[PDB]
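First comes the structure, then the notes that go with it.
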């Protein structure tokens, strides 16, 4: 679950009703996500223009991380296979990441873990 200070989260793919996107809210400027055996999808809301940077912990596998734009469009920040991806949200954009488990042929141990940092550019 959430860490002691609620700036980080660490859970397993068996999060909730299959098909529903689980909901995470983190109101800090710096934190970490550890998604063990990713399954399904998660939406992480991160509570002037803002810049977000993600730093994966290698090996990173089992999921992709997208940034939700006001357009409803998505921007891939972190993906599986072959250090840092940044992106900028507008002043009025909801700061939301979408974590989507990748379809693995095997059900084995994969961990999608990353750190995030928010900057007021």
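Cβ sites come from the backbone with ideal geometry, for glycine too, and all protein chains shown count toward neighbours. Read-outs throughout are calculated quantities, based only on the coordinates presented, and are distinct from any laboratory measurement.
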Kirkwood Rh over Cα pairs of the chain into Stokes-Einstein at 25 °C, 0.890 mPa s: D in µm²/s? 169 µm²/s
Compute the distance from the alpha-carbon center of the stretch 1-22 to that of the stretch 70-116, in whole Å. 15 Å
Using a Förster distance of 25 Å, the FRET efficiency for residue 69-residue 2 (Cβ separation, nearest 0.05): 0.45
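Please arrange 36, 77 by how many other C-beta atoms lie within 10 Å of their C-beta, fewest to most.
Ordered from fewest to most neighbouring Cβ atoms within 10 Å, 36, 77 come out as 36, 77.
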PRE zone check, label point 7 Å out along Cα-to-Cβ of residue 10, amide N under 20 Å, scope the stretch 21-38, hits 23-38
Could you put 12, 108 in order, starting from the residue whose Cβ has the fewest other Cβ atoms within 10 Å? 108, 12
Per the Cα gyration tensor, the stretch 80-120 corresponds to an equivalent ellipsoid with semi-axes, largest first in Å, of 28, 13, 9
